[PDB]
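One structure is given below, encoded as structure tokens.
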Amino acid sequence: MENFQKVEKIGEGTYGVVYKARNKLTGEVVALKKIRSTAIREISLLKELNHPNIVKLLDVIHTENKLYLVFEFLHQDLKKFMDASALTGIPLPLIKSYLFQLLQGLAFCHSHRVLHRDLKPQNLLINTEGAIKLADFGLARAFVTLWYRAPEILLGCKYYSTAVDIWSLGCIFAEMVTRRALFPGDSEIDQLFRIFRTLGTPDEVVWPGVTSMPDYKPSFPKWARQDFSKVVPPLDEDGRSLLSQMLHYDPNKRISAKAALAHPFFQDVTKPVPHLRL
Ligand SMILES: c1ccc2[nH]ncc2c1
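Structural data, given as structure tokens:
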């Protein structure tokens, strides 16, 4: 870490603290993540998954037996973007461009069999050019919020799929549109039960195999599903339709990233630029 001057704390994950930092030699500004042999090998495969919609891992410094990840630096995240836009909301054309770009990112990682596992507005980073990028991709495998967790994770599936990322990104899409979190659980059972209340308690009709999942209980209350027009107004039909498919209970029915890219909602995509105050 001797090659860097820490200019400020950009945040604190479960893994460790992130710092905005300046390369003493190059003067490139980067985000420096302090973490805390298999983890080494996994992290080094991440150095090779490069895409415009993935925050670039620049370097990996294993020294004195600590681990530092040097990332491409961006000035804002979508969480901060949202709180800033809450009065008027993010315009639909920009919401739509953000979703499209993230889906692109996901389609890439997913085709290389890498999952994110922990998508949330704080790890979605934006720039002045209207780009949006996925941060912390692949780090969960390498080693607090439940709001974006897929139901098969909550029900105790150990072997879950890329579908878990589509679920989280659905939850985020709805949050951009409405300016409220979709399913703000403050425990595992609260999170599961908020999902049930909105989408209906899942059963064998909608999700074959559900009743045999590890933490499924026949004693779960039986709530009826709500209409989507009540969940995310004033989103149009194409958008509700797509959101519906990203929030399918059965991971095997849930839309893939690559198929979501083809949905009619994206017919008139554009790439607006946000007004960001840095
Ligand atoms: C977390 C991870 C990577 C990052 N790059 N820029 C800001 C930031 C935050």
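Positions in the sequence shown are counted from 1; adding 969 to them yields the working numbering.
Idealized CB from N, CA, C, for every residue including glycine.
According to DSSP, what are the bridge partners of residue 1261? It is not possible to answer for residue 1261, since the shown part of the chain is limited to 970 through 1247.
Would you decide whether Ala-1228 is buried or exposed? Buried here means 16 or more other CB atoms lie within 10 Å of its CB. The sequence position of residue 1228 within the sequence shown is 259, counting from 1. The residue in question, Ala-1228, is exposed, as its Cβ has fewer than 16 Cβ neighbours within 10 Å.
Residues of its chain near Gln-1195, where Cβ-Cβ distance is below 7 Å and the 5 sequence neighbours each way are ignored: Within the sequence shown, the letter at position 226 stands for residue 1195. Excluding sequence neighbours, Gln-1195 sits near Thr-1167.
First and last residue of the alpha helix (DSSP H) that includes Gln-1073? Position 104 of the sequence shown, counting from 1, holds the residue named residue 1073. Residues 1061 to 1080.
Given 6 Å as the limit, tell me if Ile-979 has its C-beta closer than that to any heavy atom belonging to ligand 1. As a first step, residue 979 is located in the sequence shown; it is residue number 10 there, counting from the start. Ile-979: yes, Cβ under 6 Å from ligand 1.
Rounded Cβ spacing between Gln-1160 and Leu-1211 (contact assumed at less than 8 Å): Reading the sequence shown from its first residue, position 191 is the one you call residue 1160. Reading the sequence shown from its first residue, position 242 is the one you call residue 1211. Between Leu-1211 and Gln-1160 the Cβ distance is about 23 Å, and since that is not below 8 Å, they are no contact.
Whether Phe-1069 touches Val-1238 by CB criterion (7 Å): For the purposes of this step, residue 1069 is taken as residue 100 along the sequence shown, with counting starting at 1. For the purposes of this step, residue 1238 is taken as residue 269 along the sequence shown, with counting starting at 1. In this structure, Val-1238 lies closer than 7 Å to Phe-1069 by Cβ.
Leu-1014 to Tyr-1067 span [Cα, whole Å]: Residue numbering aside, residue 1014 sits at position 45 when the sequence shown is read from its first letter. Residue numbering aside, residue 1067 sits at position 98 when the sequence shown is read from its first letter. Near 26 Å, if we compare the C-alpha coordinates of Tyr-1067 and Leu-1014.
Could you please give the first and the last residue of the uninterrupted beta strand (DSSP E) stretch that includes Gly-1154? Within the sequence shown, numbered from 1, the residue matching residue 1154 stands at position 185. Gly-1154 -> no beta strand (DSSP E), and no H or E assigned at all.
Take the Cβ of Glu-1144 as the centre, count every other Cβ of all protein chains shown within 10 Å, and call the residue buried at 16 or more, exposed below. Numbered from 1 along the sequence shown, position 175 holds the residue referred to as residue 1144. Buried is the call here.
Among the residues of its own chain, which have a CB less than 7 Å from the CB of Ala-1076, if the five just before and after it don't count? Walking along the sequence shown from the start, residue 1076 turns up at place 107. The residues are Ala-1226, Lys-1227 and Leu-1230.
Run the proximity test for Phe-1040: is its beta-carbon closer than 6 Å to any non-hydrogen atom belonging to ligand 1? Position 71 of the sequence shown, counted from the first residue, corresponds to residue 1040. Yes, the Cβ of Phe-1040 comes within 6 Å of a heavy atom of ligand 1.
Where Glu-1206 sits in the DSSP three-state scheme: Residue mapping note: residue 1206 aligns to position 237 of the sequence shown, counting from 1. Residue state, collapsed to three classes: helix.
Nearest neighbour of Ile-1135, chosen from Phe-1152, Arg-1010, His-1085 and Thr-1170 [CA to CA]: Along the sequence shown, one-based indexing puts residue 1135 at 166. Checking every option, the nearest Cα to that of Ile-1135 belongs to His-1085.
8 Å Cβ shell around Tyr-1218 - same chain, five flanking residues per side excluded: For the purposes of this step, residue 1218 is taken as residue 249 along the sequence shown, with counting starting at 1. Taken in chain order, the residues that qualify are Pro-1120, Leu-1168, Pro-1171, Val-1175, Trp-1176 and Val-1179.
Runs of beta strand (DSSP E) lying entirely within the segment 990 to 1055, each at least 3 residues, in chain order: 998 to 1004, 1026 to 1032 and 1035 to 1041
Anticipated Cβ contact below 8 Å, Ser-1080 with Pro-1220, distance rounded: The residue labelled residue 1080 in the question sits at position 111 within the sequence shown. The residue labelled residue 1220 in the question sits at position 251 within the sequence shown. With a Cβ gap of about 17 Å, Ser-1080 and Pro-1220 do not count as contacting.
Given the structure, does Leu-1088 come close to ligand 1, in the sense that its CB is under 6 Å from one of the ligand's heavy atoms? Within the sequence shown, residue 1088 is the residue found at index 119, counting from 1. Answer for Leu-1088: no, Cβ out of range of ligand 1.
Compute the distance between the beta-carbons of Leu-1027 and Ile-1004, then report whether it is under 7 Å. The residue labelled residue 1027 in the question sits at position 58 within the sequence shown. The residue labelled residue 1004 in the question sits at position 35 within the sequence shown. Contact: no.
Tell me where the alpha helix (DSSP H) around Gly-1139 begins and ends. Residue mapping note: residue 1139 aligns to position 170 of the sequence shown, counting from 1. Segment 1132 to 1147, the alpha helix (DSSP H) holding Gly-1139.
Ignore the nearest five residues each way along the sequence and tell me which others in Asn-1019's own chain have a CB closer than 7 Å to its CB. By one-based count along the sequence shown, residue 1019 stands at place 50. So the list reads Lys-1025, once near-sequence residues are dropped.
Only counting the same chain, and skipping five residues up and downstream in sequence, which positions put a Cβ closer than 6 Å to that of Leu-1115? Along the sequence shown, one-based indexing puts residue 1115 at 146. Closer than 6 Å at the Cβ level, and outside the excluded window around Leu-1115, lie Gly-1154 and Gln-1160.
Under the rule that 16 or more other beta-carbon atoms within 10 Å means buried, what is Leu-1204, buried or exposed? The residue labelled residue 1204 in the question sits at position 235 within the sequence shown. By the neighbour-count rule (16 or more Cβ atoms within 10 Å), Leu-1204 is buried.
Neighbourhood of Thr-1147 by C-beta distance below 7 Å, restricted to the same chain and skipping five residues each side: The sequence position of residue 1147 within the sequence shown is 178, counting from 1. Hits under 7 Å: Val-1201.
Please state whether DSSP places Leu-1094 in a helix, a strand or coil. As a first step, residue 1094 is located in the sequence shown; it is residue number 125 there, counting from the start. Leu-1094 falls in the strand class under three-state DSSP.
Enumerate in chain order the residues of its own chain whose CB-to-CB distance from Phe-1234 is below 6 Å, with the five nearest sequence positions on each side excluded. Position 265 of the sequence shown, counted from the first residue, corresponds to residue 1234. Within the same chain, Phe-1234 has close Cβ partners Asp-1207, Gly-1208 and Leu-1211.
Span of the alpha helix (DSSP H) around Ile-1122: As a position in the sequence shown, residue 1122 is number 153, starting the count at 1. 1120 to 1123 is the span of the alpha helix (DSSP H), which, as asked, contains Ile-1122.
On a Cα-Cα basis, can you pick out the residue from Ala-1193, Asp-1046, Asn-1096 and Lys-1089 that is closest to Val-1113? Position 144 of the sequence shown holds residue 1113. Looking at the Cα atoms, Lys-1089 is the closest of the given residues.
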